[PDB]
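**Q** Provided herewith: work_38.txt, compact mmCIF, C-alpha atoms and all ligand atoms.
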```
# COMPACT_ATOMS: atom_id res chain seq x y z
CA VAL A 16 336.27 251.20 -15.48
CA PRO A 17 332.90 251.94 -13.67
CA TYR A 18 329.68 251.45 -15.61
CA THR A 19 327.18 254.27 -16.11
CA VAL A 20 324.15 253.48 -13.88
CA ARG A 21 320.67 254.62 -14.97
CA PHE A 22 317.20 254.21 -13.47
CA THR A 23 314.18 253.64 -15.74
CA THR A 24 311.08 255.73 -15.14
CA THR A 25 309.52 252.48 -13.93
CA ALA A 26 312.27 251.92 -11.31
CA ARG A 27 312.12 255.60 -10.28
CA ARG A 28 308.42 255.06 -9.35
CA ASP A 29 309.68 252.22 -7.09
CA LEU A 30 312.15 254.60 -5.44
CA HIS A 31 309.31 256.94 -4.45
CA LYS A 32 307.74 254.18 -2.38
CA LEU A 33 310.82 253.62 -0.22
CA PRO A 34 311.40 254.85 3.38
CA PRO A 35 314.04 257.63 3.16
CA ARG A 36 316.88 255.56 4.76
CA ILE A 37 316.32 252.66 2.37
CA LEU A 38 316.00 255.14 -0.53
CA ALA A 39 319.39 256.60 0.40
CA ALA A 40 320.97 253.13 0.75
CA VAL A 41 319.73 252.12 -2.69
CA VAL A 42 321.13 255.34 -4.22
CA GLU A 43 324.56 254.84 -2.58
CA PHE A 44 324.76 251.23 -3.71
CA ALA A 45 323.48 251.91 -7.26
CA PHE A 46 326.05 254.65 -7.92
CA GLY A 47 328.83 252.98 -5.87
CA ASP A 48 329.42 249.24 -5.69
CA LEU A 49 326.90 248.42 -8.44
CA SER A 50 328.59 250.83 -10.79
CA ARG A 51 331.97 249.27 -10.01
CA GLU A 52 331.22 245.54 -10.25
CA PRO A 53 327.71 244.77 -11.47
CA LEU A 54 328.59 241.16 -12.27
CA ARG A 55 329.92 240.58 -8.81
CA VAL A 56 327.20 242.17 -6.62
CA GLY A 57 324.38 240.56 -8.61
CA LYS A 58 323.54 237.32 -10.43
CA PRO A 59 322.07 236.59 -13.85
CA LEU A 60 318.53 235.30 -13.70
CA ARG A 61 317.21 232.17 -15.44
CA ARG A 62 314.19 230.84 -17.38
CA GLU A 63 311.92 233.61 -18.60
CA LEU A 64 313.99 236.21 -16.70
CA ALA A 65 317.17 235.35 -18.68
CA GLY A 66 318.96 238.62 -19.61
CA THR A 67 318.28 240.36 -16.27
CA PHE A 68 320.32 240.35 -13.04
CA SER A 69 319.35 240.60 -9.38
CA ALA A 70 321.39 242.26 -6.67
CA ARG A 71 320.21 241.33 -3.20
CA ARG A 72 321.09 243.67 -0.37
CA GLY A 73 320.02 243.69 3.29
CA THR A 74 316.62 245.15 2.94
CA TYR A 75 316.09 245.47 -0.81
CA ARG A 76 316.75 243.93 -4.23
CA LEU A 77 317.48 245.59 -7.57
CA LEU A 78 316.51 244.04 -10.89
CA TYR A 79 318.69 245.26 -13.75
CA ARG A 80 320.25 244.77 -17.17
CA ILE A 81 323.90 245.12 -18.07
CA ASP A 82 324.81 246.48 -21.49
CA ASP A 83 328.54 245.77 -21.91
CA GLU A 84 328.69 247.36 -25.39
CA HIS A 85 327.74 250.73 -23.85
CA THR A 86 329.16 250.07 -20.36
CA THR A 87 325.78 250.82 -18.80
CA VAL A 88 323.70 249.22 -16.02
CA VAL A 89 319.93 249.98 -16.19
CA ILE A 90 317.67 249.41 -13.15
CA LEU A 91 314.27 247.93 -13.97
CA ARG A 92 312.75 247.46 -10.50
CA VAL A 93 313.53 248.08 -6.84
CA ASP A 94 311.85 245.84 -4.24
CA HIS A 95 312.00 246.36 -0.47
CA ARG A 96 311.15 244.04 2.51
CA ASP B 12 304.62 209.77 4.54
CA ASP B 13 302.11 207.00 3.84
CA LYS B 14 298.54 207.94 4.56
CA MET B 15 296.42 205.32 6.36
CA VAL B 16 293.24 206.22 4.55
CA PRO B 17 292.45 207.93 1.23
CA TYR B 18 291.98 211.68 1.60
CA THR B 19 288.82 213.39 0.40
CA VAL B 20 289.77 215.42 -2.72
CA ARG B 21 288.06 218.71 -3.53
CA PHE B 22 288.60 221.19 -6.39
CA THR B 23 288.44 224.94 -5.80
CA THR B 24 286.64 227.20 -8.31
CA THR B 25 290.07 228.18 -9.65
CA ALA B 26 290.97 224.54 -10.33
CA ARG B 27 287.56 223.85 -11.86
CA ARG B 28 288.12 226.69 -14.34
CA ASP B 29 291.46 225.07 -15.21
CA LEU B 30 289.71 221.71 -15.87
CA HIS B 31 287.59 223.52 -18.45
CA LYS B 32 290.70 224.38 -20.45
CA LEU B 33 291.52 220.70 -21.07
CA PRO B 34 290.43 218.50 -23.96
CA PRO B 35 288.24 215.57 -22.89
CA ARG B 36 290.84 212.78 -22.70
CA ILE B 37 293.20 214.82 -20.52
CA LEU B 38 290.32 216.20 -18.47
CA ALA B 39 289.20 212.58 -17.74
CA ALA B 40 292.80 211.50 -16.87
CA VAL B 41 293.17 214.40 -14.40
CA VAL B 42 289.85 213.53 -12.74
CA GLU B 43 290.79 209.85 -12.39
CA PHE B 44 294.21 210.79 -11.03
CA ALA B 45 292.72 213.33 -8.53
CA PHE B 46 290.17 210.85 -7.19
CA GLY B 47 292.44 207.78 -7.37
CA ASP B 48 296.22 207.92 -6.92
CA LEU B 49 296.25 211.46 -5.49
CA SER B 50 293.53 210.63 -2.99
CA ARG B 51 295.35 207.46 -1.88
CA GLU B 52 298.85 208.89 -1.58
CA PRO B 53 298.82 212.72 -1.59
CA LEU B 54 302.39 212.86 -0.25
CA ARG B 55 303.92 210.16 -2.42
CA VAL B 56 302.66 211.39 -5.81
CA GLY B 57 303.81 215.00 -5.42
CA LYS B 58 306.62 217.23 -4.09
CA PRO B 59 306.32 220.09 -1.57
CA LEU B 60 307.04 223.46 -3.15
CA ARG B 61 309.44 226.03 -1.72
CA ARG B 62 309.88 229.69 -0.82
CA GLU B 63 306.79 231.78 -1.65
CA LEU B 64 304.88 228.68 -2.68
CA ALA B 65 305.72 226.87 0.59
CA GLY B 66 302.63 225.02 1.89
CA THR B 67 301.58 223.74 -1.59
CA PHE B 68 302.44 220.52 -3.43
CA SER B 69 302.82 219.71 -7.11
CA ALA B 70 302.05 216.30 -8.59
CA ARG B 71 302.95 215.53 -12.23
CA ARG B 72 301.67 212.75 -14.50
CA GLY B 73 303.06 213.01 -18.04
CA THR B 74 302.36 216.52 -19.26
CA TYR B 75 299.86 217.60 -16.59
CA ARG B 76 300.36 218.93 -13.08
CA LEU B 77 298.10 219.55 -10.13
CA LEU B 78 298.89 222.12 -7.47
CA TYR B 79 297.31 221.25 -4.11
CA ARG B 80 297.16 221.57 -0.33
CA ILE B 81 296.95 218.76 2.25
CA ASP B 82 294.79 219.10 5.34
CA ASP B 83 295.74 216.15 7.58
CA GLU B 84 293.31 216.93 10.44
CA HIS B 85 290.35 216.72 8.03
CA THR B 86 291.92 214.03 5.77
CA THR B 87 291.35 216.34 2.82
CA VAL B 88 293.28 217.44 -0.28
CA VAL B 89 292.26 220.63 -2.09
CA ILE B 90 293.34 221.23 -5.68
CA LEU B 91 294.19 224.88 -6.36
CA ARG B 92 295.32 224.60 -9.99
CA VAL B 93 295.63 222.18 -12.91
CA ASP B 94 298.04 222.79 -15.76
CA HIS B 95 298.83 220.91 -18.97
CA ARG B 96 301.87 221.61 -21.14
CA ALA B 97 302.42 219.34 -24.14
CA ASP B 98 306.10 220.11 -23.93
CA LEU C 7 319.65 224.04 7.36
CA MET C 8 322.44 225.49 5.09
CA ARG C 9 325.89 224.30 6.10
CA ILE C 10 329.08 225.71 4.67
CA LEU C 11 331.95 223.20 4.57
CA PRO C 12 335.42 223.22 3.09
CA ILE C 13 336.00 220.76 0.25
CA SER C 14 338.76 219.16 2.39
CA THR C 15 335.93 218.06 4.74
CA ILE C 16 333.88 216.45 1.92
CA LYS C 17 336.78 214.50 0.29
CA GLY C 18 336.68 210.74 0.94
CA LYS C 19 333.35 211.22 2.74
CA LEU C 20 331.02 211.83 -0.17
CA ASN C 21 328.76 208.81 0.64
CA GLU C 22 327.97 210.30 4.02
CA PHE C 23 327.32 213.80 2.67
CA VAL C 24 325.10 212.56 -0.16
CA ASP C 25 323.20 210.49 2.47
CA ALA C 26 322.91 213.59 4.68
CA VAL C 27 321.19 215.66 1.92
CA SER C 28 319.17 213.02 0.05
CA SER C 29 317.02 212.42 3.07
CA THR C 30 316.46 216.06 4.09
CA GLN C 31 315.87 219.59 2.92
CA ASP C 32 319.45 220.48 3.96
CA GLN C 33 321.99 222.14 1.71
CA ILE C 34 325.73 222.13 1.78
CA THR C 35 327.77 224.92 0.27
CA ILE C 36 331.23 223.59 -0.49
CA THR C 37 334.05 226.11 -0.29
CA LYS C 38 337.54 226.50 -1.66
CA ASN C 39 339.46 228.73 0.80
CA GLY C 40 336.30 230.29 2.33
CA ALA C 41 335.02 230.90 -1.26
CA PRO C 42 331.73 229.09 -2.06
CA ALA C 43 332.23 226.84 -5.11
CA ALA C 44 329.32 224.44 -5.25
CA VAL C 45 326.06 223.54 -3.59
CA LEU C 46 324.94 220.00 -2.83
CA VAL C 47 321.23 219.19 -2.17
CA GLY C 48 319.06 216.09 -2.12
CA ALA C 49 317.51 214.89 -5.37
CA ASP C 50 314.03 215.36 -3.87
CA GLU C 51 314.89 218.91 -2.78
CA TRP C 52 316.12 219.65 -6.30
CA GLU C 53 312.82 218.36 -7.73
CA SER C 54 310.92 220.57 -5.22
CA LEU C 55 312.87 223.57 -6.52
CA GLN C 56 312.23 222.60 -10.19
CA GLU C 57 308.46 222.22 -9.59
CA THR C 58 308.40 225.55 -7.72
CA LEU C 59 309.98 227.14 -10.81
CA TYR C 60 307.36 225.48 -13.03
CA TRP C 61 304.49 227.01 -11.07
CA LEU C 62 306.20 230.41 -10.80
CA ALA C 63 306.40 230.42 -14.63
CA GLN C 64 302.60 230.77 -14.62
CA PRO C 65 301.71 234.52 -14.84
CA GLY C 66 299.56 235.59 -11.84
CA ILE C 67 300.28 232.39 -9.86
CA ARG C 68 300.21 233.88 -6.35
CA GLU C 69 297.01 235.86 -7.15
CA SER C 70 295.31 232.68 -8.41
CA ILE C 71 296.43 230.87 -5.18
CA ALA C 72 294.88 233.75 -3.11
CA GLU C 73 291.67 233.25 -5.06
CA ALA C 74 291.76 229.46 -4.48
CA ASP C 75 292.52 230.03 -0.79
CA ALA C 76 289.52 232.41 -0.60
CA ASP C 77 287.44 229.64 -2.34
CA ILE C 78 288.42 227.16 0.41
CA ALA C 79 287.54 229.62 3.22
CA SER C 80 284.23 230.42 1.44
CA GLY C 81 283.13 226.85 0.59
CA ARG C 82 283.49 227.37 -3.17
CA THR C 83 284.90 223.85 -3.49
CA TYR C 84 283.60 220.87 -5.46
CA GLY C 85 283.63 217.21 -4.43
CA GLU C 86 283.92 214.02 -6.43
CA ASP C 87 280.18 213.52 -7.18
CA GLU C 88 279.69 217.05 -8.49
CA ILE C 89 282.93 217.02 -10.51
CA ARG C 90 282.33 213.60 -12.10
CA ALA C 91 278.73 214.70 -12.92
CA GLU C 92 279.62 218.06 -14.50
CA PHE C 93 282.48 216.70 -16.60
CA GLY C 94 280.87 213.38 -17.50
CA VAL C 95 283.58 211.18 -15.99
CA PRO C 96 281.81 208.35 -14.10
CA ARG C 97 283.69 206.03 -11.69
CA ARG C 98 285.56 202.87 -12.86
CA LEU D 7 325.54 220.27 -19.49
CA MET D 8 323.24 217.99 -17.39
CA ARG D 9 325.15 214.86 -16.39
CA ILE D 10 323.86 211.92 -14.34
CA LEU D 11 326.75 210.17 -12.65
CA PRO D 12 327.43 207.42 -10.13
CA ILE D 13 329.11 208.43 -6.89
CA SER D 14 332.07 206.13 -7.82
CA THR D 15 332.76 208.34 -10.84
CA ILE D 16 332.82 211.43 -8.58
CA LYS D 17 335.05 210.02 -5.78
CA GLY D 18 338.70 211.02 -6.20
CA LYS D 19 337.89 213.69 -8.81
CA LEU D 20 335.93 215.83 -6.32
CA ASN D 21 338.12 218.87 -6.93
CA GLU D 22 337.50 218.67 -10.68
CA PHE D 23 333.73 218.17 -10.51
CA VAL D 24 333.40 221.05 -8.02
CA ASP D 25 335.61 223.28 -10.25
CA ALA D 26 333.41 222.35 -13.26
CA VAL D 27 329.99 223.31 -11.84
CA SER D 28 331.53 226.32 -10.10
CA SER D 29 332.42 228.09 -13.31
CA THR D 30 329.27 227.13 -15.27
CA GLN D 31 325.56 226.37 -15.32
CA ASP D 32 326.31 222.60 -15.40
CA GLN D 33 324.52 220.23 -13.01
CA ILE D 34 325.39 216.78 -11.82
CA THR D 35 322.79 214.39 -10.52
CA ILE D 36 324.67 211.98 -8.33
CA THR D 37 323.24 208.46 -8.16
CA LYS D 38 323.54 205.90 -5.38
CA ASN D 39 322.39 202.32 -6.10
CA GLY D 40 321.35 203.56 -9.58
CA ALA D 41 318.81 206.02 -8.02
CA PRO D 42 319.29 209.85 -8.07
CA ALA D 43 320.34 210.91 -4.56
CA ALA D 44 321.77 214.44 -4.75
CA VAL D 45 322.43 217.23 -7.15
CA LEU D 46 325.57 219.35 -7.39
CA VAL D 47 325.54 222.86 -8.94
CA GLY D 48 327.79 225.97 -8.85
CA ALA D 49 327.39 228.33 -5.92
CA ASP D 50 326.74 231.20 -8.37
CA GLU D 51 324.22 228.97 -10.19
CA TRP D 52 322.46 228.26 -6.87
CA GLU D 53 322.23 232.04 -6.21
CA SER D 54 320.88 232.65 -9.78
CA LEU D 55 318.17 230.08 -9.13
CA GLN D 56 317.22 231.51 -5.68
CA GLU D 57 316.93 235.01 -7.16
CA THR D 58 314.90 233.74 -10.13
CA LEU D 59 312.50 232.10 -7.66
CA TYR D 60 312.23 235.35 -5.74
CA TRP D 61 311.54 237.58 -8.75
CA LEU D 62 309.04 235.28 -10.53
CA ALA D 63 306.91 235.39 -7.32
CA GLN D 64 306.54 239.20 -7.34
CA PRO D 65 303.21 240.80 -8.40
CA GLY D 66 303.16 242.32 -11.90
CA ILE D 67 306.79 241.19 -12.49
CA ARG D 68 306.43 240.57 -16.25
CA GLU D 69 304.45 243.82 -16.79
CA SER D 70 307.13 245.69 -14.78
CA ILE D 71 309.87 244.34 -17.03
CA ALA D 72 307.96 245.12 -20.21
CA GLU D 73 307.35 248.72 -19.01
CA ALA D 74 311.01 249.13 -17.97
CA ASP D 75 312.07 247.67 -21.34
CA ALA D 76 309.86 250.26 -23.13
CA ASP D 77 311.54 253.02 -21.05
CA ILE D 78 314.91 251.74 -22.12
CA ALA D 79 313.87 251.78 -25.82
CA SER D 80 312.57 255.39 -25.52
CA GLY D 81 315.47 256.73 -23.39
CA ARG D 82 313.16 257.26 -20.34
CA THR D 83 316.02 256.78 -17.83
CA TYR D 84 317.76 258.96 -15.24
CA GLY D 85 321.40 259.10 -14.12
CA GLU D 86 323.22 259.84 -10.86
CA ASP D 87 322.99 263.64 -10.76
CA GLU D 88 319.30 263.67 -11.58
CA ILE D 89 318.41 260.95 -9.09
CA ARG D 90 320.55 262.46 -6.27
CA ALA D 91 318.96 265.85 -6.82
CA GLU D 92 315.35 264.62 -7.09
CA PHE D 93 315.55 262.44 -3.97
CA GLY D 94 317.83 264.71 -1.88
CA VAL D 95 320.81 262.32 -1.50
CA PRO D 96 323.89 264.44 -2.24
CA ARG D 97 327.35 262.97 -2.80
CA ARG D 98 330.49 263.57 -0.66
CL CL E 101 313.58 242.33 -1.38
```
Step by step, read the file and then write its structure as structure tokens.
Ligand SMILES: [Cl-]

**A**
Amino acid sequence: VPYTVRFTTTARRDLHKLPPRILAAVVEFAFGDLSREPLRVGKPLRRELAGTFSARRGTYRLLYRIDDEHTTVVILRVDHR
Amino acid sequence: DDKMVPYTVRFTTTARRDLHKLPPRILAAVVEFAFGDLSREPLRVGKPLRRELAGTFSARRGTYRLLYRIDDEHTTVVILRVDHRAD
Amino acid sequence: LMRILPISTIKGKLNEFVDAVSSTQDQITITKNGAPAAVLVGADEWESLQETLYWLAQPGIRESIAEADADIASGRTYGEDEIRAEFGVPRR
Amino acid sequence: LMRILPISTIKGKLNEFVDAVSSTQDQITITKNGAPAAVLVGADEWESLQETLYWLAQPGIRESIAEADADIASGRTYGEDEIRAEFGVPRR
């Protein structure tokens, strides 16, 4: 059922810039709700971003791809307010 | 939304560099639009943009667009960018 | 202003809700059973969103706006006489 | 689909038009006196658009995506155990 969630090296660099509470919140979401229902917690993006998805949370957003064939979600970028 | 008087239109350096990218007919059309219709009705010819571009306006004629700001107190419009896309 | 309204509220009253959004920046999210189904906005507001997307498709758009904004604050702007002279576009 | 429709065509089929945009990327421009007055889109579609607007406005967005795409193609990615251990966020 749950997808395998992975962070790119690029997104990992983003994680290092987060305050520790936001860092922990991102990790719990990424390996929790995101892993369970990536099509529900995020939305597919449009125009030149077609093929990527954004999940908006309270203080941060994750940009990701979903590979259904390999039941994987891959995080491209983490942004924080 | 009508303006009583034509606004003074100015181009930034950024917009001027954009003008240089245009072939002469389009370049001349943009100039005549900026100093004519856009000057006379800066609100009616464009739309305000949203979110991170809030505060700017976009006016389109055919395949070109101008991105601009309106300064009511100084009856001035300042063009930030010009873009042309044949489709 | 985003309002969230059940579809039962919109039915038979669509003239009034279209009038309420066409003239403003307001949005209405229409729900089925507390579940958002559709969003209604004014035609002008939709065009504002489409033009915002057009400009955001330009790589480096906010950086070029910062540069133009610095131009304005620094007096690196050009008026009609100078622009018509440089580009050889005389009046009339 | 990108339909332009009079309000008279919408009235009485509101349920169906809302159901239609809800499940798709379809948009309806609703006209009043022959002039566009409002636009209807799915709630999910409206969210997709808002998030596209957000992301296109971020600095180095396209370069970010290209670098993250190159990581994906080389297997430069990290899973739960590695991330939890590097950042000190244990499970349980
Ligand atoms: Cl964010």

**Q** Taking every C-alpha atom in sequence order, what RMSD separates chain C from chain D after the best least-squares fit?

**A**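 RMSD over all C-alpha atoms: 1.5 Å.
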
**Q** Anything within 12 Å of (317.5, 264.1, -7.3): list those residues as JSON, numbers by chain, counting only C-alpha atoms and sticking to the file's coordinates.

**A** {"A": [22, 27, 30, 31, 38, 39, 42], "D": [84, 85, 86, 87, 88, 89, 90, 91, 92, 93, 94, 95, 96, 97]}

**Q** Could you dump the residues just selected with C-alpha atoms as a compact mmCIF listing (two decimals), keeping the file's coordinate frame?

**A**
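The new file again.txt reads:
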```
# COMPACT_ATOMS: atom_id res chain seq x y z
CA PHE A 22 317.20 254.21 -13.47
CA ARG A 27 312.12 255.60 -10.28
CA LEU A 30 312.15 254.60 -5.44
CA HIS A 31 309.31 256.94 -4.45
CA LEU A 38 316.00 255.14 -0.53
CA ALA A 39 319.39 256.60 0.40
CA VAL A 42 321.13 255.34 -4.22
CA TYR D 84 317.76 258.96 -15.24
CA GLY D 85 321.40 259.10 -14.12
CA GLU D 86 323.22 259.84 -10.86
CA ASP D 87 322.99 263.64 -10.76
CA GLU D 88 319.30 263.67 -11.58
CA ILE D 89 318.41 260.95 -9.09
CA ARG D 90 320.55 262.46 -6.27
CA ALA D 91 318.96 265.85 -6.82
CA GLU D 92 315.35 264.62 -7.09
CA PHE D 93 315.55 262.44 -3.97
CA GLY D 94 317.83 264.71 -1.88
CA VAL D 95 320.81 262.32 -1.50
CA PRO D 96 323.89 264.44 -2.24
CA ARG D 97 327.35 262.97 -2.80
```

**Q** Need to verify the contact set: stretch 43-54 of chain D, 7 Å, only C-alpha atoms, exclusion of same-chain residues closer than 5 positions in sequence. Can you return it as a VMD selection string?

**A** (chain A and resid 58 to 61) or (chain C and resid 24 27 to 28 42 to 49 52) or (chain D and resid 27 to 38)

**Q** Just to be explicit: take each residue in the selection above, keep C-alpha atoms, and write the result as a JSON list (two decimals), in the coordinates of the input.

**A**
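Output file again-v1.json follows:
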```
[["chain", "number", "residue", "atom", "x", "y", "z"],
["A", 58, "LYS", "CA", 323.54, 237.32, -10.43],
["A", 59, "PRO", "CA", 322.07, 236.59, -13.85],
["A", 60, "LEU", "CA", 318.53, 235.30, -13.70],
["A", 61, "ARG", "CA", 317.21, 232.17, -15.44],
["C", 24, "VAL", "CA", 325.10, 212.56, -0.16],
["C", 27, "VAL", "CA", 321.19, 215.66, 1.92],
["C", 28, "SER", "CA", 319.17, 213.02, 0.05],
["C", 42, "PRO", "CA", 331.73, 229.09, -2.06],
["C", 43, "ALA", "CA", 332.23, 226.84, -5.11],
["C", 44, "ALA", "CA", 329.32, 224.44, -5.25],
["C", 45, "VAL", "CA", 326.06, 223.54, -3.59],
["C", 46, "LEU", "CA", 324.94, 220.00, -2.83],
["C", 47, "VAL", "CA", 321.23, 219.19, -2.17],
["C", 48, "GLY", "CA", 319.06, 216.09, -2.12],
["C", 49, "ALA", "CA", 317.51, 214.89, -5.37],
["C", 52, "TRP", "CA", 316.12, 219.65, -6.30],
["D", 27, "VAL", "CA", 329.99, 223.31, -11.84],
["D", 28, "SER", "CA", 331.53, 226.32, -10.10],
["D", 29, "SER", "CA", 332.42, 228.09, -13.31],
["D", 30, "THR", "CA", 329.27, 227.13, -15.27],
["D", 31, "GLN", "CA", 325.56, 226.37, -15.32],
["D", 32, "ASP", "CA", 326.31, 222.60, -15.40],
["D", 33, "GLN", "CA", 324.52, 220.23, -13.01],
["D", 34, "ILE", "CA", 325.39, 216.78, -11.82],
["D", 35, "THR", "CA", 322.79, 214.39, -10.52],
["D", 36, "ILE", "CA", 324.67, 211.98, -8.33],
["D", 37, "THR", "CA", 323.24, 208.46, -8.16],
["D", 38, "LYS", "CA", 323.54, 205.90, -5.38]]
```

**Q** Hey, which bits of chain A sit within 12 Å of chain C, and for each residue what's the closest pair of atoms and how far apart in Å (one decimal), counting all atoms listed in the file, rows by chain and increasing number, as CSV?

**A**
```
residue,atom,partner,partner_atom,distance
A:61,CA,C:59,CA,10.0
A:62,CA,C:63,CA,8.3
A:63,CA,C:63,CA,7.5
A:64,CA,C:63,CA,9.8
```

**Q** Distance limit 12 Å, reference ligand CL 101 (chain E), atoms considered: only C-alpha atoms and all ligand atoms. Which residues make the cut? Give them as an mmCIF file with C-alpha atoms, in the frame of the given file.

**A**
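After the write, selection-v3.cif holds the following:
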```cif
data_model
loop_
_atom_site.group_PDB
_atom_site.id
_atom_site.type_symbol
_atom_site.label_atom_id
_atom_site.label_comp_id
_atom_site.auth_asym_id
_atom_site.auth_seq_id
_atom_site.Cartn_x
_atom_site.Cartn_y
_atom_site.Cartn_z
ATOM 1 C CA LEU A 33 310.820 253.620 -0.220
ATOM 2 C CA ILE A 37 316.320 252.660 2.370
ATOM 3 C CA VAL A 41 319.730 252.120 -2.690
ATOM 4 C CA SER A 69 319.350 240.600 -9.380
ATOM 5 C CA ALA A 70 321.390 242.260 -6.670
ATOM 6 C CA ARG A 71 320.210 241.330 -3.200
ATOM 7 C CA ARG A 72 321.090 243.670 -0.370
ATOM 8 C CA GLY A 73 320.020 243.690 3.290
ATOM 9 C CA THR A 74 316.620 245.150 2.940
ATOM 10 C CA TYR A 75 316.090 245.470 -0.810
ATOM 11 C CA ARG A 76 316.750 243.930 -4.230
ATOM 12 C CA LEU A 77 317.480 245.590 -7.570
ATOM 13 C CA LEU A 78 316.510 244.040 -10.890
ATOM 14 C CA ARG A 92 312.750 247.460 -10.500
ATOM 15 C CA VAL A 93 313.530 248.080 -6.840
ATOM 16 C CA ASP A 94 311.850 245.840 -4.240
ATOM 17 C CA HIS A 95 312.000 246.360 -0.470
ATOM 18 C CA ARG A 96 311.150 244.040 2.510
ATOM 19 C CA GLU D 57 316.930 235.010 -7.160
ATOM 20 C CA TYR D 60 312.230 235.350 -5.740
ATOM 21 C CA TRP D 61 311.540 237.580 -8.750
ATOM 22 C CA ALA D 63 306.910 235.390 -7.320
ATOM 23 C CA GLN D 64 306.540 239.200 -7.340
#
```

**Q** Which residue, B:32, B:21, B:14, B:55, has the smallest gap to residue B:80 when you use only C-alpha atoms?

**A**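 The closest residue to residue B:80 is B:21.
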
**Q** Near residue B:71, within 9 Å and counting all atoms listed in the file, which residues show up once chain neighbours fewer than 6 positions away are dropped, as a list in words?

**A**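 The filter keeps residues 56, 57 and 77 of chain B.
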
**Q** Residues at most 10 Å from residue D:18, counting only C-alpha atoms, excluding those fewer than 6 positions away in the same chain, as a PyMOL selection string?

**A** chain C and resi 17-18+20

**Q** Find the residues near residue B:84: any atom within 12 Å, counting all atoms listed in the file, skip ones fewer than 2 places away on the same chain, and give them as a compact mmCIF listing (two decimals) with C-alpha atoms, in the frame of the given file.

**A**
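Output contents, as saved in selection.txt:
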```txt
# COMPACT_ATOMS: atom_id res chain seq x y z
CA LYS B 14 298.54 207.94 4.56
CA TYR B 18 291.98 211.68 1.60
CA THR B 19 288.82 213.39 0.40
CA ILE B 81 296.95 218.76 2.25
CA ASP B 82 294.79 219.10 5.34
CA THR B 86 291.92 214.03 5.77
CA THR B 87 291.35 216.34 2.82
CA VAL B 88 293.28 217.44 -0.28
```

**Q** Report the distance between atom CA of residue B:78 and atom CA of residue B:40 in Å, rounded to one decimal place.

**A**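 Taking atom CA of residue B:78 as the start and atom CA of residue B:40 as the end point, the length is 15.4 Å.
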
**Q** Compare B:62, B:50, B:45, B:27 by their minimum atom-to-atom distance to chain D, counting all atoms listed in the file, and give me the closest one.

**A**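 Of the candidates, the smallest distance to chain D is held by B:62.
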
**Q** Find the distance between atom CA of residue A:91 and atom CA of residue A:21 and write it in Å to one decimal.

**A**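 Interatomic distance here is 9.3 Å.
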
**Q** What is the atom CA of residue D:41-atom CA of residue B:70 distance in Å, reported with one decimal?

**A**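 Atom-to-atom, atom CA of residue D:41 to atom CA of residue B:70, that is 19.7 Å.
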
**Q** Using only C-alpha atoms, determine which residues of chain B fall within 7 Å of chain C; present them as an mmCIF file with C-alpha atoms, keeping the file's coordinate frame.

**A**
```
data_model
loop_
_atom_site.group_PDB
_atom_site.id
_atom_site.type_symbol
_atom_site.label_atom_id
_atom_site.label_comp_id
_atom_site.auth_asym_id
_atom_site.auth_seq_id
_atom_site.Cartn_x
_atom_site.Cartn_y
_atom_site.Cartn_z
ATOM 1 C CA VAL B 20 289.770 215.420 -2.720
ATOM 2 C CA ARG B 21 288.060 218.710 -3.530
ATOM 3 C CA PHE B 22 288.600 221.190 -6.390
ATOM 4 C CA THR B 23 288.440 224.940 -5.800
ATOM 5 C CA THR B 24 286.640 227.200 -8.310
ATOM 6 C CA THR B 25 290.070 228.180 -9.650
ATOM 7 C CA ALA B 39 289.200 212.580 -17.740
ATOM 8 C CA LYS B 58 306.620 217.230 -4.090
ATOM 9 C CA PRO B 59 306.320 220.090 -1.570
ATOM 10 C CA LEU B 60 307.040 223.460 -3.150
ATOM 11 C CA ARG B 61 309.440 226.030 -1.720
ATOM 12 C CA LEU B 64 304.880 228.680 -2.680
ATOM 13 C CA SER B 69 302.820 219.710 -7.110
ATOM 14 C CA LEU B 91 294.190 224.880 -6.360
#
```

**Q** Go through D:21, D:80, D:15, D:39 one by one, measure the shortest atom-to-atom distance of each to chain C using all atoms listed in the file, and give the residue with the smallest value.

**A**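 Using all atoms listed in the file, chain C sits closest to D:21.
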
**Q** N, CA and C atoms for stretch 17-23 of chain D, written as a short mmCIF file (atom, residue, chain, number, x, y, z; two decimals), in the frame of the given file, could you do that?

**A**
```cif
data_model
loop_
_atom_site.label_atom_id
_atom_site.label_comp_id
_atom_site.auth_asym_id
_atom_site.auth_seq_id
_atom_site.Cartn_x
_atom_site.Cartn_y
_atom_site.Cartn_z
N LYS D 17 334.02 210.25 -6.81
CA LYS D 17 335.05 210.02 -5.78
C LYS D 17 336.47 210.06 -6.34
N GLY D 18 337.31 210.91 -5.76
CA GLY D 18 338.70 211.02 -6.20
C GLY D 18 338.95 212.13 -7.20
N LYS D 19 337.88 212.52 -7.93
CA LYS D 19 337.89 213.69 -8.81
C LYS D 19 337.01 214.84 -8.25
N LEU D 20 336.86 214.89 -6.93
CA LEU D 20 335.93 215.83 -6.32
C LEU D 20 336.31 217.26 -6.68
N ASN D 21 337.61 217.55 -6.60
CA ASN D 21 338.12 218.87 -6.93
C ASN D 21 337.62 219.27 -8.31
N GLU D 22 337.72 218.34 -9.27
CA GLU D 22 337.50 218.67 -10.68
C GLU D 22 336.02 218.88 -10.93
N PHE D 23 335.18 218.03 -10.34
CA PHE D 23 333.73 218.17 -10.51
C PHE D 23 333.20 219.46 -9.87
#
```
